[PDB]
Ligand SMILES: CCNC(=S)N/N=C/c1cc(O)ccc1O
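Next up: a single chain in structure tokens, the form solved without this ligand.
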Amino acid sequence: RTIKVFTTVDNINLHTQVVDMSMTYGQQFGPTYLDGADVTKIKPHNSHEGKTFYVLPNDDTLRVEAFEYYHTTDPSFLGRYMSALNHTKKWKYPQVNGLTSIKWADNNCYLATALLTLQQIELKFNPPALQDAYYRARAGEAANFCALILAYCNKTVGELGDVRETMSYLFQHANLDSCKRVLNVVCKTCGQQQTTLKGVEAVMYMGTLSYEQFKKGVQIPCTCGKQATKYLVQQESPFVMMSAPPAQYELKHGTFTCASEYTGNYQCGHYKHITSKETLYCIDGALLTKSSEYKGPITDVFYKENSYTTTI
């Protein structure tokens, strides 16, 4: 009438639990999962002896273990993660030019170019759940990592994601504390004004795709009301993310790390990934295409960096 099972929220700290065989797992634990499979509606079987089941945090011990692994206090995070994992566990994660991509399914193209981008930039995540899942994503088992991204971004499978918003969500769970960016906006109604940015804001800019033009100076509307020019004074980061509203942009080999292109119907479009190696490669899910240059509606371009100091 009883079996011994183990319940967990992080698959690290296991918890011995006795369950009645006449009552389902849902009546005893609430929502319960056995390796991504929903077993809430199922009564415990003989073959479930000693197996490990995923459950939701419903006491002090499970909530603190879920907080130390996922770095979140959201009580619904694990459920939204299990809901996405039920789909991401079915996706194909082929190795494309040494990078782990995703075959297209349920508008996951923004997740693919984000996953392909993360494998080319230096970035260390703070939540242990994100670190462990990314390491496995490198090996072609990205089901846990994609379900975590969807949970952290609070997006469901099938929704159109934004690469810039997605990376921004991931950067806020990454160790970018030591990153620093120094900017200076020149004009005439103000003259000069220098600001310093730290963390996530130091590695992202919206308005220009060219990292070189960001150093030469871009024109922005300043509240002063003049022909204001913003230029990069100092950059201390392992990478930079340049983003802009989509227009026709020319990518050349060796001048960047990787980029993202957005095409199709704008409300519900499609993302592609362009990476720079010995030449330019376009990764569209599992499809690989190589060319010397690339012309298209680019939205995000990533560049490598260590320490920049302007000479102007």
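Counting begins at 1, following the sequence as shown. Between two forms, the rigid core is defined as the largest C-alpha subset superposing within 1.5 Å.
If you look for the form deposited with this ligand bound, you will not find it shown, but the lines that follow are about it.
Chemist: Could you tell me which stretch in 115-123, 70-78, 87-95, 132-140 has residues with non-hydrogen atoms within 4.5 Å of this ligand in the bound PDB entry?
Modeler: Heavy-atom contact with the partner occurs in 70-78.
Chemist: Only one of 63, 253, 51, 45 comes within 4.5 Å of this ligand in the bound PDB entry by heavy atoms, so just point that one out.
Modeler: Flagged contact: 63.
Chemist: When the rigid core is used for the superposition, does residue 38 move between this form and the one not shown (threshold: C-alpha shift of 2 Å or more)?
Modeler: After core superposition, the displacement of the residue 38 C-alpha between this form and the one not shown reaches the 2 Å mark, so yes.
Chemist: Does the C-alpha of residue 269 move 2 Å or more between this form and the one not shown once the rigid core is lined up?
Modeler: No, residue 269 moves less than 2 Å.
Chemist: Would you say residue 47 moves between this form and the one not shown, meaning its CA shifts by 2 Å or more once the core is fitted?
Modeler: Passes the 2 Å threshold, so yes.
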